[PDB]
Amino acid sequence: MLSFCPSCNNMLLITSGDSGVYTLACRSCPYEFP
Amino acid sequence: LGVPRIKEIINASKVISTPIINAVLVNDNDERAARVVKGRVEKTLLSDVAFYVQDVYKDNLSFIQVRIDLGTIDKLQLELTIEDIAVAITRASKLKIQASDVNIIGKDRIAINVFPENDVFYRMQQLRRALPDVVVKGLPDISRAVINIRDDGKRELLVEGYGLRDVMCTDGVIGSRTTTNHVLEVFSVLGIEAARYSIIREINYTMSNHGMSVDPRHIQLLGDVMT
Amino acid sequence: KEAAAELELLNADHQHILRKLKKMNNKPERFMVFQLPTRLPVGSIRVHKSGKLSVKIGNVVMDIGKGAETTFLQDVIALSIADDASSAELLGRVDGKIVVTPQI
Amino acid sequence: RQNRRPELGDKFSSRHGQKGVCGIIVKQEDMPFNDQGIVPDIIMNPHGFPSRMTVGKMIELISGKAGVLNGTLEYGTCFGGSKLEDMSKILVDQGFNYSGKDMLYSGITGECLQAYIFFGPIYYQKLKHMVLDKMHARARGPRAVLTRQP
Amino acid sequence: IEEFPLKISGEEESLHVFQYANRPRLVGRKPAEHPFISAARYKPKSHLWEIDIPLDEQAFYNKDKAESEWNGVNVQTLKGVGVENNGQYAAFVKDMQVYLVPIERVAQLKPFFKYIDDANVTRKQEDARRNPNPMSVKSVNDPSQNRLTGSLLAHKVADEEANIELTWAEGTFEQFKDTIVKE
Amino acid sequence: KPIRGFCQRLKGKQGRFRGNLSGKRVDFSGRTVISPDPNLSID
Amino acid sequence: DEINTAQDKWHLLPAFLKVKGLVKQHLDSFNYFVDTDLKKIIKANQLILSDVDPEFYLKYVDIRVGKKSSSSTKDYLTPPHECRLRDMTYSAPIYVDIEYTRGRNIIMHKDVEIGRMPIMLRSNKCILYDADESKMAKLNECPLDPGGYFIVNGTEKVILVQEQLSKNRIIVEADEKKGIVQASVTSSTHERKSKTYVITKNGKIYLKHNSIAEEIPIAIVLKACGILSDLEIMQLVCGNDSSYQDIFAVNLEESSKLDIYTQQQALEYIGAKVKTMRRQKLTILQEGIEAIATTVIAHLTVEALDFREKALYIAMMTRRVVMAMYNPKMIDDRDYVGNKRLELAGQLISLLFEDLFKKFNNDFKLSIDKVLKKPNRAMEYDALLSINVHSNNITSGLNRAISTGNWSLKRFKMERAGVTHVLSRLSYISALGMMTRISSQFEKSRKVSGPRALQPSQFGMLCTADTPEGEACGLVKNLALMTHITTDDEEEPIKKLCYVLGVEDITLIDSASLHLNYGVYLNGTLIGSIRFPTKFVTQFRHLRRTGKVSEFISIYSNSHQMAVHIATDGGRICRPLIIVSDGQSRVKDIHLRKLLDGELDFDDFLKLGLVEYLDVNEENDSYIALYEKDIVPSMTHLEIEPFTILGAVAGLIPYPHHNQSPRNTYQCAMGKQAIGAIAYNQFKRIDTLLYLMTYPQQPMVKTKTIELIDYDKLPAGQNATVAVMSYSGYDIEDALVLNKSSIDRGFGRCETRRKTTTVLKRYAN
Amino acid sequence: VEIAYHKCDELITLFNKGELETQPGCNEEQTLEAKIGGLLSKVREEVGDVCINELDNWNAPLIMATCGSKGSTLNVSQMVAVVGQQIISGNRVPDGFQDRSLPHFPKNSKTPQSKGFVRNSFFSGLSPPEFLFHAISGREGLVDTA
RNA sequence: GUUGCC
Ligand SMILES: [Zn+2]
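Structure, rendered in structure tokens:
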């Protein structure tokens, strides 16, 4: 879905955040976004 | 109609090639309802009635949203409510979701959510392409209906499909005059005496249009040697 | 037909690179890379009739063909090394890339 | 070593794909005969040329008659060759018909034929499959060792 | 009509060109900057260029996922294999002069994920010490036996060799006039 | 290179039941080529 | 004698067949074998060694077939017709020179016998090469014999020109009920036959192989090849602004399922599930066995360090698997002539020479150490005296390899039977028609009538009016009259040469614009990624017309995909055409008048730039012209002669452009069974069953084909008088009546000759 | 046959115009295939109607096609006037390569006399391009017996 | 037993 992560170009992943919030963050790169 | 037409009637094979079924209408005119039964019998796929499917989040919501083209229902002249679509999503055993979480939002906007490692992204991504290929109305078996005209003004209804039992029970078509092909479903539906008379009328059909003529009697002996 | 759509773009490729070698005269630590044909069987970049480009790097050997052609979304940086020592110097980045083709 | 005369049964050909078993061998006086006395050697019935569409044999003969009358071999090639319109002129300069179709008399009864006959030389090669090494007969002979059939 | 003479003045210097497979040139028609190199890393006989880059801090960092899993922080390193080709001259212009130099190798930089490689080498080492479950004399080369060689032998010599810690600097005028004085 | 067995010769491409039992080989036959003749009657 | 180029282009067609005959593929491969191809084999199996007593070595310096190095006479030899009636093999011995350690010192020995090779007639190592019917009259062999056939121990045979599907390239496959695959069979020249497959199970791209224990998905095997950023994966295969992103994006999340994410972790996912062939040492590293598992795969390309050129070769192979799922129009067929490779005689017996020659010098090695395991037998022993016991294994291997047409190979383990036949001496042209025929492979597609049919990409390549019927109705085909088979030249100079013509390298360009640009494929691999090809490809021909590069190269350039192709592999079919540069051809009849004076043959025309060869691929870019009266100002490649589409055994049909098209094939099966004459020495030979004919006649209407092969000089059949009419009822269908008189005068008196033989045997007592 | 070309070439140019008659039966750009197939199977018939009526008696193919001995009004019409158009399992000789049939003919040129139709008679002769297209339907006449 | 051909 054109989910490019900057400085790694890998992927994005919808992460179950704190208190079940839907933050998006990939593995294998320390990057996050609301 | 040739050598690969004789081969499967003698074999009585299960998966036949092109089983067309012939069902006649009630009336003769067009009336803006002669093709209204074609909507009630063909595989009405929801990707033709949807236009714009997208995922949206506010801050804590994981729900896919679909919308329909309300101005298209009257064009191909099918008739259905909005709630029966919301029935049809949970009428799909391929998608393993909960039975009733469907909530209507107005007249044309409809949403369904998902909630439970890493289930949440994958279960909304498998869900994204497995939605626009579910049947909503019509037969779940047949493929393509075609209306044509013969040397009379009467119009029939072709269906290139397998099932016959649900073709007869629907409205707009009379169940008295519904011939077909593919012998060994007629044995399931119309007793046994119909299955004998069918293999008579099929063999001399595909010998009628090859030029030669065998006999009506040399198949009447073949007709009951199998049944 | 479609043979004519080649020459007009190579015609327009002369002017797009003649502007670029003119703006770059201010030597602001700018670089461009381009490939010379080896295997000889120095010269001078020249301007022919109505803006046509050629080099003559041989005593007689003429190379008409030059063309600015590659499209690349990458940051390329020329840097020198020397003898595995304290010799890491970033000089500058590269604006463009042309080629040299001997005509036949 | 052995030689043999071509009696009936053998397989003659025509170089365009018209097979033939020799039907019967008749004496010399029974065939037709032209104004100069030429006896035709081999007679084909006309029931092949409409179905098999072998127009090449019909063009072989028009170039066939004209060559030995002029004394020069003629070039019938592929996708061209000796044309037809200049080949009819050398035939008619001698006295024969313009389409090769000369008339004949009947060798049986002596008078003319009500129709005309297409006429001349065709190249016939003999083929294999002669009959005397296919004639076979077994009255009461050997039996196989395992199942005792012939 | 006109002529712009060129000469080649380059020896003894094997200058290299890197290629950023991550970073684009322009952001809305305006070219961005090239990032600041913290340090470098080179190994001879295999010609790797291990460039280190540092990241932005807590705003786009998510440190409590980084500290709790691998404990290797603020470093994105990326690897590029240097490859050789002929031609490919680099040129700067003077006013009505243009001077050239041969490029010796070209590397293409791909993001070498250091720490997730390093995260599992500890995971296997602890697995041995949970349940450890337990002698070299010469052999003879035989003419009916093969020995490992070719491409995997290059990985046998690219793993243990001498690093050189580069002092990354920014010069660019010393080499510039060095070409000008040479004809 | 596979060995012929009992089951390898009752069935198959004329092992038995077509080549020796259904359709047999017979004595007192002959075989020559055909040529026409009008002068003799039918039968 | 006012000549022009309008109708007198025909008079160069015999100049092509004068110096370059009718048996071109059979002799010019065996002549390439005996001179050059044997030195390249002793240099690949030299220096046999013994581990016991390690200072003993036998190495081969050269190899020769025929004459010695001492006497330097031509040859001492039995003539072949003296050999073909004594049930012997026409052979000349093979001589080598060897040096080794006898003892106190090393010595070299010259002209050692090891075996006796058979030599095909009219090859230059026979007596019959360049004879002028005076030596050949002494040797009672016919001047009009075609040649090119073995006479092994009596009956004379010939191997056929067999072909298979094009190795070392790719195809695509489309299937409805199973999912769609694409094959890529490759063959390294030693002991490997590996083929790779890419399968789409239920909407996901996959990958399997016959050395991996199970299936390994696609995102792993590209991250193991270096391309790891996972945006470049989509950037290679899909491009931009398309539907390919919607189909391919399913594959990317299986990298997230297995949690790999880097180039280090990608490899050992393969080697965890590799099928382990035991090398009996097995020091497996769990990092080194995966790099070789990513080396023994798709053996077109091998790598040193960087994996990169192998990586995107897989990426281009997986681009065409998503182009086919978009629409099934992108499918190719595996019976198109461009995906066929004819490969000829001498480079096909060379494979059988390997499995015998390595079987020679290992049992000979096993005889050495059995002697050298003695304490006293160590000082003055010589090893050469036990070479004659192993000598004839080469001979008796080769002789049954031609007699019984089945070849037991070992380095491929392959069992091609029916590779030779006994040649038909029934007619003259029957002894030449079988010399030019092609036997297919029979991969059990008996239901598919595709290759049974005849494709239109065949005009002048190989004959269209000749094919047998019945047991094989479309699988036995015949070469055309003007026809040459290519051969491999080299590949590293043109890769250096295309760089000079203005192309770059793959290791500099990003995939952001290779789909914007074009790409050269050298034997199916992307190496340059050129743009503006019509400036590029026209400069390449003009080097070839001047002859700086070899002329057997094709510049097929399609536009359904954004790619151009190069071919240099050799073993593919082609014909020559004359160059037409513009609205006037390069015929130049003043050149053509100088040919009939005789000072320049056909070979000088391709030196100056008036003719070049075209294969099946280069026909697709060209716009070839029939006649000079039909030149368009956009029109190249005029036809050299239009009736060159029929082979040497169909050419005797007169006016074949008038008759119906099936009634030429029914004569090609029966021209080869025509009684006539055989040779000038036909009353001398003692063969099994020959038919001879008393009074032959040359046919009345000739053809330009039959004067090339001298069919008129010993023809078959007479030309009798035919009067087509019905008569007496005895001709109902296709019967025919002939007199009692003319056969009595001698019309078609045939004559039958039969051999019988016995052998007087000497028993034990 | 020239007026058969003159009705064909006007129909083949309406791809830039993009007209589609849309016969019931789901054409999707094959009306221009099926209308030319009905057009070229017409011109073969009335040309065969000229040869039968405009012909004297005592023509030997005429007298054995008046009877049912051997031959037909189609077989005599292909020997004197026109051989017609070759059919391959209900198809008008599909392309060999690059949307064309043979390297004599221009790119993507969907005309008859280029794909399937051959215009001259057996008495006239055949051209090197049109000889092969008759030599294809001569093949599958032998294939189906196997 | 195995191939070739009508
Ligand atoms: Zn990231």
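Top to bottom, those sequences are chains A, B, C, D, E, F, G and H.
Position 34 of the first sequence, counted from 1, bears residue number 34 in the deposited numbering, the numbering being contiguous throughout.
Just so we're aligned: the second sequence equals residues 1121 to 1236, 1253 to 1363 in the deposited numbering.
Just so we're aligned: the third sequence equals residues 274 to 314, 360 to 422 in the deposited numbering.
In the deposited numbering, each residue carries its 1-based index in the fourth sequence increased by 900.
Just so we're aligned: the fifth sequence equals residues 71 to 204, 214 to 262 in the deposited numbering.
In the deposited numbering, each residue carries its 1-based index in the sixth sequence increased by 347.
In the deposited numbering, each residue carries its 1-based index in the seventh sequence increased by 35.
In the deposited numbering, each residue carries its 1-based index in the eighth sequence increased by 730.
Even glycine gets a Cβ: it sits at the ideal position worked out from N, Cα and C.
Other residues of its chain near residue i: CB distance less than 8 Å, five sequence neighbours each side excluded
i, result
"residue 668(G)", "617 and 618"
"residue 1154(B)", "1145, 1147, 1283 and 1291"
"residue 146(E)", "122, 123, 124, 125 and 181"
Counterpart residues of residue i in DSSP-defined beta bridges
i, result
"residue 847(H)", "815(H)"
"residue 457(G)", "192(G)"
"residue 407(C)", "398(C) and 248(E)"
"residue 774(G)", "926(D)"
"residue 1233(B)", "1183(B)"
"residue 364(C)", "372(C) and 73(E)"
"residue 1127(B)", "Per DSSP, none; premise fails for residue 1127(B)."
Selected residue, minimal CA-CA separation from residue i, among the options
i, options, result
"residue 878(D)", "736(H), 788(H), 826(H) and 813(H)", "A query on residue 878(D) cannot be resolved here, the shown segment of chain D reaching from 901 to 1050 and no further."
"residue 486(G)", "112(G), 792(G), 794(G) and 511(G)", "511(G)"
"residue 111(G)", "177(G), 126(G) and 223(G)", "126(G)"
"residue 774(G)", "913(D), 916(D) and 931(D)", "931(D)"
"residue 590(G)", "531(G), 658(G), 552(G) and 654(G)", "654(G)"
"residue 988(D)", "966(D), 981(D) and 971(D)", "966(D)"
"residue 148(G)", "173(G), 345(G), 102(G) and 169(G)", "102(G)"
"residue 122(G)", "753(G), 251(G), 785(G) and 722(G)", "722(G)"
"residue 674(G)", "350(G), 41(G) and 320(G)", "41(G)"
Cutoff 6 Å; reference residue i; Cβ partners in own chain excluding five residues on either side
i, result
"residue 736(G)", "689"
"residue 1003(D)", "1016"
"residue 806(H)", "791 and 795"
Residue i: CB within 7 Å of a non-hydrogen atom of ligand 1
i, result
"residue 131(E)", "no"
"residue 10(A)", "yes"
"residue 26(A)", "yes"
"residue 31(A)", "yes"
"residue 5(A)", "yes"
Terminal residues of the beta strand (DSSP E) in which residue i lies
i, result
"residue 923(D)", "920-926"
"residue 796(H)", "Per DSSP, residue 796(H) belongs to no beta strand (DSSP E); it is in the alpha helix (DSSP H), 790-796."
"residue 219(G)", "218-221"
Contact set for residue i: own chain, Cβ-Cβ below 7 Å, skip 5 residues either direction
i, result
"residue 199(G)", "376 and 476"
"residue 1023(D)", "915"
Alpha helix (DSSP H) segment containing residue i, residue limits
i, result
"residue 1262(B)", "1262-1266"
"residue 143(G)", "Run containing residue 143(G): none in the alpha helix (DSSP H); it sits in the beta strand (DSSP E), 141-153."
"residue 733(G)", "Counting along the chain, residue 733(G) falls outside any alpha helix (DSSP H), and DSSP gives it neither H nor E."
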